[PDB]
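**Student:** Would you mind keeping the following structure in view while I ask a few things?
Counting neighbours? That spans all protein chains shown, and the Cβs are built from the backbone with ideal geometry, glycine included. Quick note: the coordinates plus some simple rules give every number you see, no bench work behind them.
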């Protein structure tokens, strides 16, 4: 953010290690719930990954 | 005022100037503000950040 350094989030990677290429490719959807900007700790969807 | 017990004798009472004496009245002086209003002036700040 330009007027105040606050770093609103945009996305979330998950790093592929050599030992977890089976578990991540096993998970299809992701349910997220976080502190929003002006609303509160609402829940937001369960949409598919994007790879 | 001249108070004296028992009979007293006076004559030739003189008053006469000698010189000037300096003096000082009342001023607006050094306004060393406080140690508190300093910490009340900085109660509102912002940190500029380089991302």
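**Student:** Please determine whether any residue of segment B:29-37 is out of contact with any strand residue (DSSP E or B) (no Cβ under 9 Å at 6 or more places or on another chain) and not in a loop (DSSP other than H, G, I, E, B). Spell out the reasoning first.
**Tutor:** Taking segment B:29-37 and keeping what is out of contact with any strand residue (DSSP E or B) (no Cβ under 9 Å at 6 or more places or on another chain), we get B:29-37.
If we keep only those that are not in a loop (DSSP other than H, G, I, E, B) as well, we get B:36-37.
So far as segment B:29-37 goes, yes, one or more of its residues are out of contact with any strand residue (DSSP E or B) (no Cβ under 9 Å at 6 or more places or on another chain) and not in a loop (DSSP other than H, G, I, E, B).
**Student:** In the list B:49, B:2, B:13, which residue meets the criterion of being in a loop (DSSP other than H, G, I, E, B), surrounded by 10 or more Cβ atoms within 10 Å (Cβ to Cβ) and free of Cβ contacts under 8 Å to residues at least 24 places away in the same chain? Give the steps one after another, and end with the answer.
**Tutor:** Working: B:2 fails: surrounded by 10 or more Cβ atoms within 10 Å (Cβ to Cβ); B:13 fails: surrounded by 10 or more Cβ atoms within 10 Å (Cβ to Cβ).
Only one candidate passes the filter, namely B:49.
**Student:** Any chance segment B:27-42 includes a residue that's within 14 Å of another protein chain (Cβ to nearest Cβ) and surrounded by 10 or more Cβ atoms within 10 Å (Cβ to Cβ)? Explain how you work it out, then say what you get.
**Tutor:** Here is the first cut: in segment B:27-42, the ones within 14 Å of another protein chain (Cβ to nearest Cβ) are none.
So far as segment B:27-42 goes, no, none of its residues is within 14 Å of another protein chain (Cβ to nearest Cβ) and surrounded by 10 or more Cβ atoms within 10 Å (Cβ to Cβ).
**Student:** In addition: Against the conditions (1) more than 15 Å from the chain's Cα centre (by Cα); (2) more than 14 Å from every other protein chain (Cβ to nearest Cβ), where does residue A:5 fall short? Just the number, please.
**Tutor:** (2)
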